[PDB]
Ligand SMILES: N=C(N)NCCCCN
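Let's start with one chain on its own, the form deposited without agmatine, as structure tokens.
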């Protein structure tokens, strides 16, 4: 008795049918009523074609490009009878161009990342996010288009809101539950949240040993590698007193971010999750690092920022992905082959994904999901635990967009977090909040001299591994 939330009265166009598309389609078929013959999947690959053929859904085997996207998508988006829904789960395509095409033709839109069509300041996820904010300022309101609504970016934005609420109660901080951005930002400031890690540990383990010269991951290899080779990026908090010599800022935009002139997936930070305890994460650039820091910014009269939390990814991927990164960076080039772990090839593990709020009176608080592969297989087909946290987030954003179809261009930080979590929670396994006394200065200084800041344990000076 799965809930059928709404009818979709027009076409459903899924761009891309990889690990996430394969996990999202069965949720779309499960939770929405629609004209089955109006669903169409667009993907250039033959692996995708035969999978889509098995489910008997329309398949167009093409790569969407700058040259063909208009003539290819417009007739599909406007086929009626009612409002269609564009579900973009691809690599190598312009999120912004397809988003704007969907809007000007009255189709709803959702994606999980801002990327361009197939100089570090440009190409950064900060600049790409800025193109979306600019589009929203150019065409306020209108048809809803949800930008970056997967597990992270996406779900973690809702975890941050629930975490702040939990910290307010546990810290005896009194007041209404915020309902505006300005009020959320001030609540973060009042609780004394210096920064936030997106703190993730994937423990899914494969049934086969790691093959030589093969990159292995639990989701897009092409996407992860592309993101990991880009400069490390973070939302930059007002409490930070030090940045590295190779750090750089942005001349325009919301002003919430810096980047480092080194690749994110070869940049380690000291972080913590409940199952891993103290661990290394990689500082891989991500939309929510900027969007969450921007969302929680408090400005004064003259528009200057007086409070902003640090925010960045601290990603420990699966063991095979750690080995794949060691191999790739040590060889100096991409492996000649890659594979994504299928649920049939995973013997055990979880995708532990949450937000670690630190700097407040209880030191540090981690809130998020501990979804296991065994739980995943029980409640959803064709995906591993990583995929289901992403695919269920897309499902939640689609429900929200159907109930709020004229909200304009919106980020995950703009959605009603309680409604989105109500949709997603049946697919998240244990969702828990845990306090810890761990700090980045645990056990330090040790035998060797280090350039640490002992006045404040959570300074980025102390978090960043400086090899």
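Numbering follows the first chain given and starts at 1.
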### Between neighbours residue 119 and residue 118, residues that the deposited sequence lists but the model omits
4 to 9
### Task
Mind pulling up the entry and telling me whether 200 to 208 or 250 to 258 has the higher mean Cα temperature factor?
250 to 258
### Task
Between 15 to 23 and 444 to 452, name whichever shows the higher mean Cα B factor according to the PDB entry.
444 to 452
### Query
With respect to the C-alpha temperature factors reported in the PDB entry, which of 267, 386, 344, 335 ranks highest?
344
### 136, 316, 326, 312, ranked by C-alpha B-factor: the highest one
136
### Query
So where's residue 223 on the chain's Cα temperature factor ranking, which third?
lowest
### Task
For residue 78, return the chain-relative third of its C-alpha B-factor as stated in the PDB record: lowest, middle or highest.
highest
### Summary
The third of the chain into which the C-alpha temperature factor of residue 339 falls is the lowest
### Third assignment of residue 330 from its chain's C-alpha B-factors
lowest
### Query
Going by the entry, which third of its chain does the Cα temperature factor of residue 125 land in?
highest
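The same protein has a further form, the form solved in complex with agmatine, not shown here; the description that follows concerns it.
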### Task
Answer with one of 334, 136, 250, 210: the residue that has a non-hydrogen atom within 4.5 Å of agmatine in the bound PDB entry.
136
#### Entry: Proximity to agmatine in the bound PDB entry, single hit among 362, 123, 299, 181 (heavy atom within 4.5 Å)
181
## Note on the structure
Given 288 to 296, 269 to 277, 79 to 87, 342 to 350, the stretch touching agmatine in the bound PDB entry at heavy atoms within 4.5 Å is 288 to 296
### Query
At the 4.5 Å heavy atom threshold, is residue 423 in contact with agmatine in the bound PDB entry?
no
### Close approach of residue 402 to agmatine in the bound PDB entry, 4.5 Å, heavy atom
no
### Query
According to a 4.5 angstroms non-hydrogen atom cut-off, is residue 428 in contact with agmatine in the bound PDB entry?
no
### Message
Against agmatine in the bound PDB entry, would residue 398 count as a contact residue? Criterion: heavy atoms within 4.5 Å.
### Response
no
